[PDB]
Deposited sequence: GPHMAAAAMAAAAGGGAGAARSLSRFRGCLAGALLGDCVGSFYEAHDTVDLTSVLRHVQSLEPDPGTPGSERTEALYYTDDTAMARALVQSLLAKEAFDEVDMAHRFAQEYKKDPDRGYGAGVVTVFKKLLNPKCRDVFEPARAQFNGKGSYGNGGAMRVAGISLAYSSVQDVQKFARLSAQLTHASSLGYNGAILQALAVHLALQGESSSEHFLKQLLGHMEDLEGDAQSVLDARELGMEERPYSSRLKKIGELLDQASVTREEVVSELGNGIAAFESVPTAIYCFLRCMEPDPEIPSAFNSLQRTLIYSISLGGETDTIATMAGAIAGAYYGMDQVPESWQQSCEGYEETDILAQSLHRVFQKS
């Protein structure tokens, strides 16, 4: 709420991401999740820090702490903060591949911090959603689309060297960027994202990366078009959403899904009790898709939090989350340091 890039939007963004991670972690990897059972489960969140966060939040915190420490993007600082955060607490639920990147970055002889990510998966790079799950702080630090794209990509490339992974990080950072600007139609929001992704996916390196994996040309653009069709479709079922967009570990099977959850839930849903506000119903809906509920809800929550603001962050939900106060302090610090208030 309030003006574009207000303090409330910054606080709401990081709190929404934290809620998604902590509340979504209960259903992580559940093939199916019944909506009625989700509504039952958030009852427990009704009137501290009993819900632990996962690698989504741990990496998001390290990314933001690097930006605040250098008041800029600093590849060596950020890479080392990622690796040291893993070292301090390896059990947060990290992807199996990315741990190899952290161990290489922990070797002090490693003096080109982008090269471990490039060796992943026979030298093609990861397409997992880890670059996107943590990227929201980039859009808090940087106001222009140009800088958002540039540093979403660079921060993602520290672990995700495939364009299929870093273009998902860019897409997620662009969605947070737009949400921070305030009121929009769902169709205008989608159309702006589609325009940006069509520009990026025209690049020769993106086309090659997709072709080598057997995928369609312009995989994010294709899924954003599918979002537009789904938003106009009657009687959309969870099975249809998952079939067209995904609910998986790959960035292309989870970032468009998170954006769909945000856009769909801009409007009331008769299936979700009206006692829940817009941020709450976005998180409930995201978790009801099952699969990678932790990361899909974290990303949908970052977008919804930026759009709806801190007034929609329920205190009873927030105070259930490990580290909610540190998350809030980091949001306020980003607003002061970068937004220069």
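> Lining up the deposited sequence with the coordinates, I want the ranges that have no C-alpha atoms.
Counting from residue 1, the stretches without coordinates are 1-16, 64-72.
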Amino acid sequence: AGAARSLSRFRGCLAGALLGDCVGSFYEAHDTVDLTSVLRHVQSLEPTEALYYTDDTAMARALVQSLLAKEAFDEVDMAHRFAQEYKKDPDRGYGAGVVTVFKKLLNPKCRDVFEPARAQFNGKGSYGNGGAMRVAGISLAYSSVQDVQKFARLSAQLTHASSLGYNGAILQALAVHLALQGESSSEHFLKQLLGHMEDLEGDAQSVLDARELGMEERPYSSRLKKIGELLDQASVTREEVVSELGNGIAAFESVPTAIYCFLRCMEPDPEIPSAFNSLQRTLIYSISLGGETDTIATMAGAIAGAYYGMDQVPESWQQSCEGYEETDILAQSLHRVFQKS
From here on, numbers count along this sequence of modelled residues.
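> On mean C-alpha B-factor from the PDB entry, just flag whether 6-14 or 20-28 is the higher one.
Comparing averages over the C-alpha atoms only gives 20-28.
> Is the mean CA B factor in the deposited entry higher across 130-138 or across 67-75?
Of 67-75 and 130-138, the stretch with the higher C-alpha B-factor average is 67-75.
> For the C-alpha B-factor as written in the entry, point me to the maximum among 150, 177, 211, 223.
Highest CA B-factor of the listed options: 211.
> If I read the C-alpha B-factors straight from the PDB entry, which of 264, 81, 238, 92 is highest?
It is 238.
> Rank-wise, by C-alpha B-factor, drop residue 114 into the lowest, middle or highest third of its chain.
Within its chain, residue 114 is a middle-third residue by C-alpha B-factor, going by the deposited values.
> Classify residue 294 as lowest, middle or highest third according to the C-alpha B-factor given in the PDB entry, relative to its own chain.
For residue 294, the deposited C-alpha B-factor lands in the middle third.
> Taking the C-alpha B-factors as the PDB entry records them, is residue 276 in the lowest, middle or highest third of its chain?
As the PDB entry reports it, the C-alpha B-factor of residue 276 lands in the highest third of its chain.
> If you rank the chain by CA B-factor, which third does residue 57 end up in: lowest, middle or highest?
Bottom third by C-alpha B-factor.
> Using the B-factors in the PDB entry, rank residue 188's C-alpha atom against the chain and give the third, lowest, middle or highest.
For residue 188, whose C-alpha B-factor we compare with every modelled residue in the chain, the answer is the lowest third.
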